[PDB]
Amino acid sequence: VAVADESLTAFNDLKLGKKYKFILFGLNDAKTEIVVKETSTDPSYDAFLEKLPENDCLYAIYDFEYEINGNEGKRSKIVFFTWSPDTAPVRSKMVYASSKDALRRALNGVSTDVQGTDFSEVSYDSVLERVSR
């Protein structure tokens, strides 16, 4: 579909400005474009997970910061999440699956990509392992 202008601006603020810790994107009612549904500066990973619709899909961008060690500080990588819970309607999964690339191709700067179908696939530990290793 079309990527709302607002969605790009929000990605750039997070990317160059650290303005938000994470952003939740979704399709509008008209299913014509990808808009931002929520933004947050809340650093707790649990506040992120509590916002993933148990029976629906969405796209998410999270600024994951972790310790690159050797007493060397932290590192931060932008993770793109595709959230398609096993319990979401086949109709939802279908439309999110095909519109994904429209959004994913427009966001320059993403390090990792995570496909989430259940909550354990998006736990702090699974994502840490994926950005670390």
# chains A, B, ... in the order shown; residues from 1 in each chain; ligands from 1

$ residues_around --residues "residue A:104" --least-positions-apart "4" --cutoff "10 Å" --atoms "only C-alpha atoms" --output "ChimeraX atom specification"
/A:3,59,80-82,99-100,108,110,113

$ write_last_selection --atoms "C-alpha atoms" --output "compact mmCIF listing (two decimals), in the first residue's frame"
# COMPACT_ATOMS: atom_id res chain seq x y z
CA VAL A 3 3.51 4.48 3.35
CA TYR A 59 4.64 -3.65 12.21
CA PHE A 80 11.93 -4.20 12.43
CA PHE A 81 9.25 -6.52 13.78
CA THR A 82 6.57 -8.23 11.75
CA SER A 99 2.10 -4.73 2.50
CA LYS A 100 5.21 -5.36 4.60
CA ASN A 108 16.78 2.98 5.60
CA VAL A 110 17.29 -1.18 9.98
CA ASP A 113 14.35 -8.17 11.12

$ residues_around --residues "residue A:65" --least-positions-apart "5" --cutoff "12 Å" --atoms "only C-alpha atoms" --output "PyMOL selection string"
chain A and resi 18+21-22+43-45+73-79+111+124+127-128+131-132

$ write_last_selection --atoms "C-alpha atoms" --output "mmCIF file, in the first residue's frame"
data_model
loop_
_atom_site.group_PDB
_atom_site.id
_atom_site.type_symbol
_atom_site.label_atom_id
_atom_site.label_comp_id
_atom_site.auth_asym_id
_atom_site.auth_seq_id
_atom_site.Cartn_x
_atom_site.Cartn_y
_atom_site.Cartn_z
ATOM 1 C CA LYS A 18 16.356 9.026 19.488
ATOM 2 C CA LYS A 21 12.164 4.111 21.892
ATOM 3 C CA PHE A 22 9.637 2.300 19.694
ATOM 4 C CA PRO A 43 12.569 2.057 27.804
ATOM 5 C CA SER A 44 11.118 -0.997 29.581
ATOM 6 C CA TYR A 45 10.866 -3.931 27.117
ATOM 7 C CA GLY A 73 29.956 0.931 26.013
ATOM 8 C CA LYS A 74 26.669 0.096 24.393
ATOM 9 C CA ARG A 75 25.529 -0.311 20.828
ATOM 10 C CA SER A 76 22.033 0.320 19.482
ATOM 11 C CA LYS A 77 20.407 -1.385 16.502
ATOM 12 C CA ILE A 78 17.000 -0.644 14.951
ATOM 13 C CA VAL A 79 14.875 -3.834 14.833
ATOM 14 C CA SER A 111 19.751 -3.684 11.402
ATOM 15 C CA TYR A 124 13.787 -9.699 25.401
ATOM 16 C CA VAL A 127 15.735 -10.424 20.409
ATOM 17 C CA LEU A 128 18.935 -9.819 22.424
ATOM 18 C CA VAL A 131 21.029 -8.435 17.706
ATOM 19 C CA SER A 132 24.034 -9.616 19.733
#

$ select_by_dssp --residues "stretch 13-57 of chain A" --states "strand (DSSP E)" --output "VMD selection string"
chain A and resid 22 to 27 33 to 40

$ write_last_selection --atoms "N, CA, C and O atoms" --output "CSV table (one decimal), in the first residue's frame"
chain,number,residue,atom,x,y,z
A,22,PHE,N,10.3,3.2,20.6
A,22,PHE,CA,9.6,2.3,19.7
A,22,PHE,C,8.4,2.9,19.1
A,22,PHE,O,7.8,3.9,19.6
A,23,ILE,N,8.0,2.4,17.9
A,23,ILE,CA,6.9,2.9,17.1
A,23,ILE,C,6.1,1.7,16.6
A,23,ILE,O,6.7,0.7,16.1
A,24,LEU,N,4.8,1.7,16.7
A,24,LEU,CA,3.9,0.7,16.2
A,24,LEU,C,3.2,1.2,15.0
A,24,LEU,O,2.7,2.3,15.0
A,25,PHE,N,3.3,0.5,13.9
A,25,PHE,CA,2.6,0.9,12.6
A,25,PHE,C,1.6,-0.1,12.3
A,25,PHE,O,1.6,-1.3,12.7
A,26,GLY,N,0.6,0.4,11.5
A,26,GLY,CA,-0.5,-0.5,11.1
A,26,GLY,C,-1.2,0.1,9.8
A,26,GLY,O,-0.8,1.2,9.4
A,27,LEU,N,-2.1,-0.7,9.2
A,27,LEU,CA,-2.8,-0.2,8.1
A,27,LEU,C,-4.0,0.7,8.6
A,27,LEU,O,-4.5,0.4,9.6
A,33,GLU,N,-3.1,2.8,3.4
A,33,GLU,CA,-1.8,3.2,3.8
A,33,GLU,C,-1.4,2.8,5.2
A,33,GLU,O,-2.2,2.6,6.1
A,34,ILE,N,-0.1,2.7,5.4
A,34,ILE,CA,0.6,2.4,6.7
A,34,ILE,C,0.8,3.6,7.5
A,34,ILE,O,1.6,4.5,7.1
A,35,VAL,N,0.1,3.7,8.6
A,35,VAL,CA,0.2,4.9,9.5
A,35,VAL,C,0.8,4.5,10.9
A,35,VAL,O,1.0,3.3,11.1
A,36,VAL,N,1.1,5.5,11.7
A,36,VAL,CA,1.7,5.1,13.0
A,36,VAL,C,0.5,5.0,14.0
A,36,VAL,O,-0.4,5.9,14.0
A,37,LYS,N,0.5,3.9,14.7
A,37,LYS,CA,-0.6,3.7,15.7
A,37,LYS,C,-0.2,4.1,17.1
A,37,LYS,O,-1.1,4.4,17.9
A,38,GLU,N,1.1,4.0,17.4
A,38,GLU,CA,1.6,4.3,18.8
A,38,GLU,C,3.1,4.6,18.7
A,38,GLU,O,3.8,4.1,17.9
A,39,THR,N,3.5,5.4,19.7
A,39,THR,CA,5.0,5.8,19.8
A,39,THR,C,5.2,5.7,21.3
A,39,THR,O,4.2,5.8,22.1
A,40,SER,N,6.4,5.6,21.7
A,40,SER,CA,6.7,5.6,23.2
A,40,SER,C,8.1,5.9,23.4
A,40,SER,O,9.0,5.7,22.6

$ residues_around --residues "residue A:122" --least-positions-apart "2" --cutoff "12 Å" --atoms "only C-alpha atoms" --output "ChimeraX atom specification"
/A:45-46,48-50,52,60,62,79-85,113-120,124-130

$ atom_distance --atom1 "atom CA of residue A:15" --atom2 "atom CA of residue A:109"
7.6 Å

$ closest_residue --among "A:10, A:1, A:16, A:90" --to "residue A:28" --atoms "only C-alpha atoms"
A:1

$ closest_residue --among "A:4, A:93, A:106, A:71" --to "residue A:32" --atoms "only C-alpha atoms"
A:4

$ select_by_dssp --residues "chain A" --states "alpha helix (DSSP H)" --output "count of residues only"
44
